[PDB]
There are 2 protein chains.
Amino acid sequence: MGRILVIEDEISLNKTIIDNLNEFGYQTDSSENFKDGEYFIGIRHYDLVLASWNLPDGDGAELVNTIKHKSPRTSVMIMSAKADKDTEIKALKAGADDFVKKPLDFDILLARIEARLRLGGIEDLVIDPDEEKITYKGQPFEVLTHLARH
Amino acid sequence: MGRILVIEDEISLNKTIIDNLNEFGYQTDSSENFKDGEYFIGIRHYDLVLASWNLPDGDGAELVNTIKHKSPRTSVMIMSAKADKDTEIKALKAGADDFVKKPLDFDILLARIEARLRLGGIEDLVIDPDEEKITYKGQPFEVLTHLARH
């Protein structure tokens, strides 16, 4: 049960996506605009965050470069009410953590986002999830983690 | 310039994908069968490895469970000469590192696999790429790496 944030201009449509999101218990904030979502990013902590395109605050590629204020202010995931082929390709170039599309079958996205095996990555542990500073001061991998815990 | 291994039953058809692979200098071995590719996995070292389905040695879901001999013998990437909707969904459930599909536009896959921003992850460095044991015995992130190198 992760958390997936919302970046959308339509509260009805963002609730429709929030269906798929909280289908895995994803914490959400109903966005009435792209800016609404980009601030919902900062208001709370989340495991994955949508982004938009061609919204009232979505300036397309200009929004693409804008939303990554210096180092990207999260917004790892993306959303789209269409296939957004060019947008989808560009986001994949950006290596987004996830993404959602309306024409895509929602059962398929349910199975995917619900479980897609998307794995990758104490005395000295200085992990800071709030500031994205996962770190152990000092740092068979499971054995290594067990030794670190003890 | 990485390496992408091949798992396919047709040498010409797999050479078609090998085009996209060596388009980024991906080392390849022409596979005339699923077993051909699964052994090409072991013959050399690679950055990414296709897998198959419904091949002469592709037993579908049975091949899916078979190819992961105990801990998966690489084969992170997958390939398909069709949309393989069920197969694609299942592989995504497996959290594959990569994949290729024939109906998918090859320019799109060129742009993706060429550059999709897929990054993620000395005195004591005990990294073993040959045996997948990336580790530093002792172990700002760039600063940390610089300090470790010195």
Considering amide H positions built from the backbone, and no H for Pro or chain starts, which residues 5 or more places from residue A:8, or on another chain, come under 5 Å of its amide H? A:31, A:33, A:37
Relative to the Cα centre, what is the charge dipole magnitude of segment A:1-125, using +1 at the beta carbon of each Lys and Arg, -1 at the beta carbon of each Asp and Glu, and rounding to the nearest 20 debye? 320 debye
On each of the three principal axes the extent of the alpha-carbon atoms of chain B, given in whole Å and largest first, is 51, 35, 27
Whole-Hz ³J(HN,Hα) from phi, Karplus 6.51 cos²θ - 1.76 cosθ + 1.60, for segment B:61-69, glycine and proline x: 4, 4, 4, 4, 6, 6, 5, 7, 4
20 Å Cα-Cα threshold exceeded, pairs from A:133/B:133; B:90/B:133; A:70/A:133; B:68/B:133; B:15/B:90: A:133/B:133; B:90/B:133; B:15/B:90
Enter the Cα centre distance for the pair segment B:1-52 and segment B:83-150, rounded to the nearest angstrom. 17 Å
List, in order, the whole-Hz ³J(HN,Hα) value for each residue of segment B:78-93 obtained from phi through the Karplus relation with A = 6.51, B = -1.76, C = 1.60 and θ = phi - 60°; use x for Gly and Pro. 9, 9, 8, 7, 8, 5, 6, 3, 4, 5, 4, 4, 5, 5, 4, 4
Packing-based order for B:123-134, B:28-39, using average beta carbon neighbours within 10 Å, highest first: B:28-39, B:123-134
Could you check the simple spin-label distance between residue A:23 and residue B:59, using points 7 Å along Cα→Cβ, in nm with one decimal? 3.2 nm
What shape does the protein assembly as shown have by the C-alpha gyration tensor, where a ≥ b ≥ c are the square roots of the eigenvalues, rounded means a/c under 1.5, and otherwise prolate means a/b greater than b/c and oblate the rest? oblate
Using only helices, what value at 222 nm comes out for chain A when you add -39,500 (n - 2.57) per DSSP H run of length 4 or more and divide by the total residues, to the nearest 500 deg cm²/dmol? -10500 deg cm²/dmol
Length-normalised contact order for segment B:4-114 - Cα pairs under 8 Å, 6+ apart - percent: 25 percent
Charge tally for neighbours of residue B:123 with beta carbon under 10 Å away, counting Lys, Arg as +1 and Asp, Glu as -1, is +1
With +1 on each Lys and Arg Cβ and -1 on each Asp and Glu Cβ, and nothing else charged, work out how big the dipole of segment A:87-150 is about its Cα centre, in Debye to the nearest 20. 320 debye
I need the shape label for segment B:1-78. Rule: rounded when a/c is under 1.5, else prolate if a/b > b/c, else oblate, with a, b, c from the alpha carbon gyration tensor. oblate
May I ask which residue of B:4, A:65, B:43 lies farthest towards the positive end of the charge dipole of the protein assembly as shown, with charges of +1 (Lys, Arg) and -1 (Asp, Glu) on Cβ and the Cα centre as origin? B:43
Label distances, nm, residue A:134 versus same residue in remaining copies, Cβ-directed 7 Å point: 1.3
Within 10 Å of each Cβ in peptide B:89-96, how many partner chain Cβ atoms are there on average? Round it to a whole number, please. 4
Would you mind putting A:48-60, B:61-73, A:7-19 in packing order, based on average other-beta-carbon counts within 10 Å, highest first? A:48-60, A:7-19, B:61-73
Shape of segment B:89-150, Cα gyration tensor, a/c cut at 1.5: prolate
Note down the magnitude of the dipole of the protein assembly as shown about its Cα centre, charges +1 on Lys and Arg C-beta and -1 on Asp and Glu C-beta and zero elsewhere, to the nearest 20 debye. 240 debye
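Values in this text are rule-based calculations from the coordinates and carry no lab data. Neighbour counts run over all protein chains shown; Cβ positions are idealised from the backbone, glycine included.
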